[PDB]
Amino acid sequence: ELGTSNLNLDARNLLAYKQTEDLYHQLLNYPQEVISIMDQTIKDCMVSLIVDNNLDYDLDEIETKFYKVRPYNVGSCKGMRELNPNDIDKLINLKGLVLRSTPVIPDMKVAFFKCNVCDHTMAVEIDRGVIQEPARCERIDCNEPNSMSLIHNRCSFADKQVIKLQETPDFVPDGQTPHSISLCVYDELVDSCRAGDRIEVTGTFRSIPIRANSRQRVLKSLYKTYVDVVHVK
Amino acid sequence: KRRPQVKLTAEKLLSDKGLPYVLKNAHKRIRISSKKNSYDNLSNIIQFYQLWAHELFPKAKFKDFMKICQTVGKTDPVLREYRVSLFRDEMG
Amino acid sequence: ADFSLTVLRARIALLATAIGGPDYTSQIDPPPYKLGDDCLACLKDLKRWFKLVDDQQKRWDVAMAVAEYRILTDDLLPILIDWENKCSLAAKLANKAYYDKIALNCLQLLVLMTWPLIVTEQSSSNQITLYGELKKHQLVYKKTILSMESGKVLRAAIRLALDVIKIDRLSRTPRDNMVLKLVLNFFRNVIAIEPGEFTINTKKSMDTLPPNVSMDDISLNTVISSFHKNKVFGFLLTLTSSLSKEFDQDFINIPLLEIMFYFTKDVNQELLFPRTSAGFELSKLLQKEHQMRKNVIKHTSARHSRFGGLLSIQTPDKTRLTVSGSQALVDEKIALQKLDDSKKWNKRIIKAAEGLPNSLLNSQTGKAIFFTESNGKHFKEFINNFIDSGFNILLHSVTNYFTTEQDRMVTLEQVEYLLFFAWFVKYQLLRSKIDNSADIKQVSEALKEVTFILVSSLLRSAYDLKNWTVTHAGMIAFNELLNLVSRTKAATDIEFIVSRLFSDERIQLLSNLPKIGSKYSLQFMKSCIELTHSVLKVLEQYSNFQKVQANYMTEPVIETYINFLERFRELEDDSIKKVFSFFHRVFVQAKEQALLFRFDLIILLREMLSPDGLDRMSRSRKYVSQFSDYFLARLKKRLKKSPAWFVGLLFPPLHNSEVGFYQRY
Amino acid sequence: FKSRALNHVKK
DNA sequence: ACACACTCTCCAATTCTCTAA
DNA sequence: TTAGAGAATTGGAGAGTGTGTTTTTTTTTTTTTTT
Ligand SMILES: [Zn+2]
């Protein structure tokens, strides 16, 4: 009735209800799959309410929207220096102070192709960062190679932003200076936070390779690390 | 020489891994209901045939599996002997 | 050599100035042109350069020279238009022969340069080299001729005709009759020139409008406006309608067929009948766009493209597969489809018509051409008066010609005749379906016996020699004749005509025709379907029937029907109604159930019936779901009675005598 | 020569 | 010398056609 | 009406070739010699 898309969820309620006592652990150990499961559960429940209670609301409108869960209050907070390689892809909680934010970056989500000779068009889904370009034009009578081409300004994009978080002085080692970590944030949460803000966050602790040069597929042995936030408080 | 190409052939179909599996299991696999839609039951029939086609010969797209089957099915005499044997078993 | 070539080009250029020029005393800024001398010899030698040299050497180089020096646009049009306007003023008032001589000879060059272009394996390498470029220059010609003073050269060409209309046919010498052929031969070209077709040498597997030309210059819409203002449609109408009275029919009535073909071509009749309106339908179309957008959204993930986890799926016998992406976690249908979609191969594929200009035979005609309101009403008026006035008298002459000349025909004249018949008969049926002011008697010359024989004979001879384009057109003509018959039976000799149309020989042919359609292009199969629907429906209302229907039902017809049906994303709402009518006939009435238990039909009904394909509210889903319900009920019964059909469903049915009879039933 | 038109070109 | 982009070549897989039972 | 023997057309396997790469401010915190 307020026309809104995101649901908060403090994880302790999963321990109170007997049927979800194990789901709490599975959430921390497998966030990417479990959170997706929760999303597609919430959307179906919203549809079920209007069709079961046979209400006036537009079914198409609810089908069009995206719904997202945002879990929080997951457990004890963790010191920024004490994250170890056995924590990769698990949920984490951090406290700190915001230094700076970069401007919004466009991130592609759907690609748009057009045939150069016969003007057939196809929309393609992006996953794992790779564009799945077609081998030949898919129109039956125009089955030709190298015939499709990309149209940049008819693609679809999404907002990405990077926030720089600094260690709070309460945790710094004796005779040393505070460190910092970088947070990647998307869509709703993009412009939320300013320089000098003090926050607590929740997100998956990720790691990725980096290339030796821009010409070739050669990777370095050290991996970059960052946090992929799903909630801010 | 270059390595020779790998293909679907009647020997695979007549193998124990092949077509006898479908006749040994299809009665138990598929189940229609009036209690579900045409689209529902129609979708259901194709499941088993798809998984079986993958297990038999993973080269190619499902449609290509069916259409490939047509050629050898019409031409090979040994396969046709097996098929008339089935329908004789029902004439038994 | 190159120098001999440029010497001829220079000779032409000098001839392109010996011709004359405007007057620089005039102080009239600018005046018209002014006339040279030797100019008779100039025109005549140019005529010789075409006929005595370029034709004899098969070049098109001479045309390239005259295009270089822009002779048409620069001299021929103002020479003619000045002659016309001078004589017009003189007529307003109400050696001169020499002026008229120049008028004749300028026009004959206009016909020659704009004559349409043909390329074969017997054309010279020179012509094959020059084809693509001379196309550009002829496009320029069409634009220019329609543009000058809003097209006023076209009044000169008909005034020339009016001199030979003038005095009695009994007087009219052969040289005299050539003018009346020549004038009509001009308008055929002006309509026939249109945007190019790209052509290349197939040595390696890897637009042509020039900078001064655009679509609105060249569109058929333009040509309507141009002819109407310059008074052409009155001439074609008066000339065709009094044709029976002793104008020698022989010289006029084929050129006058080609005009009617050349601008009926590219119109769908529904576009001429309506059945804020533009804005209303645009808004409705935007609703359809929103539905497609919704379809894409329903396959789109909420969280971004690098959030994605991983999925594993375990089969029976405990073997496991791996797929990525967040929607695969929840939708097994999508996971199964996405799993097969990764696999590389597709089987490579097989492919019917060439030699003739674009038409219904080799293009998808679900694409109109677009009219001003004044143009729409003027075009409707022209062909309506043509039908009410000219059609029977034209068809009677042109048909009783061709019966005496069938052996000598060429492919184009066959395809013209069959696509002039078709258009006018259909349009009249539609017009009287709409309204009572119209009547069917206007097109009634098509039915009399001689024409029926001739359409039959064309279809026969085309089929035997395996000429598939004439066979295609003949299929379209023979469709309409049958359609017209069912109209007239819904009101004597017509039953006699039916009985002769449905002698056993013809049933053999008309039964044969869908079987071969499986290989060919999407239009061919569609012609086969619509003809079949009509052919069976007439014989249903004859009351023989059981012999004829059993003749149709067999594997190679069903193959064609499915092969056509699976391209439904491209087809109309109406054609699918026709296909399921036939399946109702095969499955329920005839009770030949065994044909359709074949797997690539079962795939099809899922695709088309899914939330993927046919719209949730189109009339198609009523028919499809009502069919599939019954299909699967009978299939259930069959499979439990005899379990061998599980292995049956993959393969064609089995033609052995001893087991096959029980198999089919 | 193996000349050929783009018969399929219709957009 | 080590990944790449691009060119060249040969061979067999495939479909089409003709003949006779 | 099936099928099998021979010819023509096409695909892409894979082999080969050539190629590119390492590498005057202006603003702001701090030490030092100079009036
Ligand atoms: Zn294309």
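Residue numbers (PDB author numbering), protein chains in the order written: chain 4, 235 to 467; chain Y, 47 to 138; chain X, 13 to 106, 117 to 228, 237 to 305, 329 to 404, 410 to 549, 555 to 606, 658 to 779; chain 6, 92 to 102. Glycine included, every Cβ here is placed at the ideal spot set by N, Cα and C.
To the nearest angstrom, report how far apart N442 (chain X) and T294 (chain X) are at their CA atoms. To locate residue 442 (chain X), count along the third sequence from 1; it is residue 384. To locate residue 294 (chain X), count along the third sequence from 1; it is residue 264. Approximately 13 angstroms between the Cα atoms of the pair.
Pairwise C-alpha distance: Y292 (chain X) and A214 (chain X): Position 192 of the third sequence, counted from the start, is the residue given in the question as residue 214 (chain X). Position 262 of the third sequence, counted from the start, is the residue given in the question as residue 292 (chain X). Computed Cα separation, rounded: 6 angstroms.
Interface residues of chain X facing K343 (chain 4) [CB-CB closer than 9 angstroms]: Taking the first sequence and counting its residues from 1, one reaches residue 343 (chain 4) at position 109. In chain order: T353, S354, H357 and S358.
Output needed in chain order: residues of the stretch 355 to 385 of chain 4 with a Cβ under 7 angstroms from some Cβ in chain 6. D375 and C376
Taking the beta strand (DSSP E) that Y460 (chain 4) falls in, what are its first and last residues? Taking the first residue of the first sequence as 1, we reach residue 460 (chain 4) at position 226. Its beta strand (DSSP E) spans residues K458 to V466.
Could you list the residues in the stretch 397 to 418 of chain 4 with a C-beta less than 7 angstroms from some C-beta on chain X, going in chain order? When C-beta distances to chain X are compared with 7 angstroms, every residue of the stretch 397 to 418 of chain 4 stays at or above that value.
List the residues of chain 4 that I350 (chain X) touches, going by C-beta distances under 7 angstroms, in chain order. Locating residue 350 (chain X) in the third sequence gives position 297, counting from the first residue. Correct list: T298.
Please report the distance separating the alpha-carbon of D280 (chain X) from that of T270 (chain X). The residue labelled residue 280 (chain X) in the question sits at position 250 within the third sequence. The residue labelled residue 270 (chain X) in the question sits at position 240 within the third sequence. Computed Cα separation, rounded: 13 angstroms.
Taking 6 angstroms as the limit between beta carbons, can you name the residues of its chain near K58 (chain Y), skipping five residues before and five after? As a working mapping, residue 58 (chain Y) is identified with position 12 in the second sequence. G64, listed in sequence order.
If you drop the 5 nearest sequence neighbours on each side, which residues of the same chain put their C-beta closer than 6 angstroms to that of residue 8 (chain X)? Coverage of chain X is limited to positions 13 through 779, which leaves residue 8 (chain X) absent and any answer about it impossible.
Based on the DSSP secondary-structure assignment, which residues constitute the bridge partners of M382 (chain 4)? Mapped onto the first sequence, residue 382 (chain 4) falls at position 148. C349 (chain 4).
For the stretch 456 to 505 of chain X, list the beta strand (DSSP E) runs that are entirely contained and at least 3 residues long, ordered along the chain. none
Just how far apart, CA to CA, sit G532 (chain X) and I557 (chain X)? Here residue 532 (chain X) is taken as the residue at index 474 of the third sequence, counted from 1. Here residue 557 (chain X) is taken as the residue at index 494 of the third sequence, counted from 1. Taking the straight line from one Cα to the other gives about 21 angstroms.
Sort out for me which residues DSSP pairs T221 (chain X) with in a bridge. The residue you call residue 221 (chain X) lines up with position 199 of the third sequence. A96 (chain 6), per the DSSP bridge assignment.
Straight-line gap, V501 (chain X) to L267 (chain X) (C-alpha atoms, nearest Å): Within the third sequence, residue 501 (chain X) is the residue found at index 443, counting from 1. Within the third sequence, residue 267 (chain X) is the residue found at index 237, counting from 1. Looking at the two C-alpha atoms, the distance is approximately 17 angstroms.
Where does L176 (chain X) sit, in a helix, a strand or coil, going by DSSP? If you number the third sequence from 1, residue 176 (chain X) lands on position 154. In the structure shown, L176 (chain X) sits in a helix (DSSP, three-state: H, G or I).
To which residues of the same chain is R71 (chain X) closer than 6 angstroms at the C-beta, ignoring the five residues directly before and after it? Working through the third sequence from its first residue, we reach residue 71 (chain X) at position 59. Closer than 6 angstroms at Cβ, skipping near neighbours: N148.
Select from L505 (chain X), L542 (chain X) and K203 (chain X) the residue whose C-alpha is nearest the C-alpha of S490 (chain X). As a working mapping, residue 490 (chain X) is identified with position 432 in the third sequence. Out of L505 (chain X), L542 (chain X) and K203 (chain X), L542 (chain X) has the C-alpha closest to the C-alpha of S490 (chain X).
Any heavy atom of ligand 1 closer than 6 angstroms to the Cβ of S421 (chain X)? Walking along the third sequence from the start, residue 421 (chain X) turns up at place 363. Checking the Cβ of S421 (chain X) against ligand 1 gives no.
Helix, strand or coil at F694 (chain X) according to DSSP, with G and I counted as helix: Reading the third sequence from its first residue, position 580 is the one you call residue 694 (chain X). Helix, per DSSP.
Quick one: is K93 (chain 6) near chain X, going by C-beta distance under 7 angstroms? Within the fourth sequence, the letter at position 2 stands for residue 93 (chain 6). So yes, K93 (chain 6) belongs to the interface.
Rounded to the nearest angstrom, what separates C279 (chain 4) and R733 (chain X) at their Cα positions? As a working mapping, residue 279 (chain 4) is identified with position 45 in the first sequence. As a working mapping, residue 733 (chain X) is identified with position 619 in the third sequence. Roughly 32 angstroms between the two C-alpha positions.
Can you name the residues of chain X whose CB is closer than 9 angstroms to the CB of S270 (chain 4)? Here residue 270 (chain 4) refers to the residue found at position 36 when the first sequence is read from its first residue. Those are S354, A355, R356, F360, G361, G362, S379, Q380, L382 and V383, listed as they occur along chain X.
Keeping to the same chain, check which residues put their C-beta closer than 6 angstroms to that of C349 (chain 4); ignore five residues upstream and five downstream. Counting from one through the first sequence, the residue named residue 349 (chain 4) turns up at place 115. Counting only Cβ-Cβ distances below 6 angstroms, and skipping sequence neighbours, we find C371, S381 and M382.
Can you tell me where the alpha helix (DSSP H) holding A102 (chain X) begins and where it ends? The residue you call residue 102 (chain X) lines up with position 90 of the third sequence. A102 (chain X) -> alpha helix (DSSP H) spans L89 to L105.
Could you give the residue range of the alpha helix (DSSP H) that holds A357 (chain 4)? Reading the first sequence from its first residue, position 123 is the one you call residue 357 (chain 4). Careful: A357 (chain 4) lies outside any alpha helix (DSSP H), inside the beta strand (DSSP E) at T355 to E359.
Please report the residue range of the alpha helix (DSSP H) in which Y420 (chain 4) lies. On the first sequence, residue 420 (chain 4) is found 186 positions in, with the first residue counted as 1. That residue, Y420 (chain 4), is in no alpha helix (DSSP H); its beta strand (DSSP E) goes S414 to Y420.
My guess is that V693 (chain X) and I592 (chain X) are in contact by the Cβ rule of under 8 angstroms, so how many angstroms apart are they, rounded? In the third sequence, counting from the first residue as 1, residue 693 (chain X) sits at position 579. In the third sequence, counting from the first residue as 1, residue 592 (chain X) sits at position 529. Rounded, the Cβ-Cβ distance is 7 angstroms, consistent with contact.
Look up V435 (chain 4) in the DSSP assignment and say whether it is helix, strand or coil. Within the first sequence, the letter at position 201 stands for residue 435 (chain 4). Three-state DSSP puts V435 (chain 4) in a strand.
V464 (chain 4) touches chain 6 at which residues, Cβ-Cβ below 9 angstroms? Residue mapping note: residue 464 (chain 4) aligns to position 230 of the first sequence, counting from 1. Per Cβ cutoff of 9 angstroms: no residues; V464 (chain 4) is ~46 angstroms from chain 6 at best.
Just list the beta strand (DSSP E) runs in the stretch 248 to 332 of chain 4, keeping only unbroken ones of 3 residues or longer that don't cross its boundaries, in chain order. 302 to 306
For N223 (chain X) versus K93 (chain 6), is the C-beta spacing smaller than 7 angstroms? Here residue 223 (chain X) refers to the residue found at position 201 of the third sequence. Here residue 93 (chain 6) refers to the residue found at position 2 of the fourth sequence. Their beta carbons are under 7 angstroms apart, which means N223 (chain X) touches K93 (chain 6) by this criterion.
Alpha-carbon spacing of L105 (chain X) relative to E96 (chain X), whole angstroms: As a first step, residue 105 (chain X) is located in the third sequence; it is residue number 93 there, counting from the start. As a first step, residue 96 (chain X) is located in the third sequence; it is residue number 84 there, counting from the start. The straight-line gap from Cα to Cα measures roughly 14 angstroms.
Three or more C-beta pairs below 8 angstroms linking the stretch 304 to 321 of chain 4 and the stretch 353 to 371 of chain 4: no
Let me check you understand the geometry: is the CB of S381 (chain 4) closer than 6 angstroms to at least one non-hydrogen atom of ligand 1? Here residue 381 (chain 4) refers to the residue found at position 147 of the first sequence. Yes; taking the cut-off as 6 angstroms, the Cβ of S381 (chain 4) has a heavy atom of ligand 1 nearer than that.
Tell me the rounded alpha-carbon separation between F711 (chain X) and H596 (chain X). For the purposes of this step, residue 711 (chain X) is taken as residue 597 along the third sequence, with counting starting at 1. For the purposes of this step, residue 596 (chain X) is taken as residue 533 along the third sequence, with counting starting at 1. Going by the C-alpha atoms only, they are around 23 angstroms apart.
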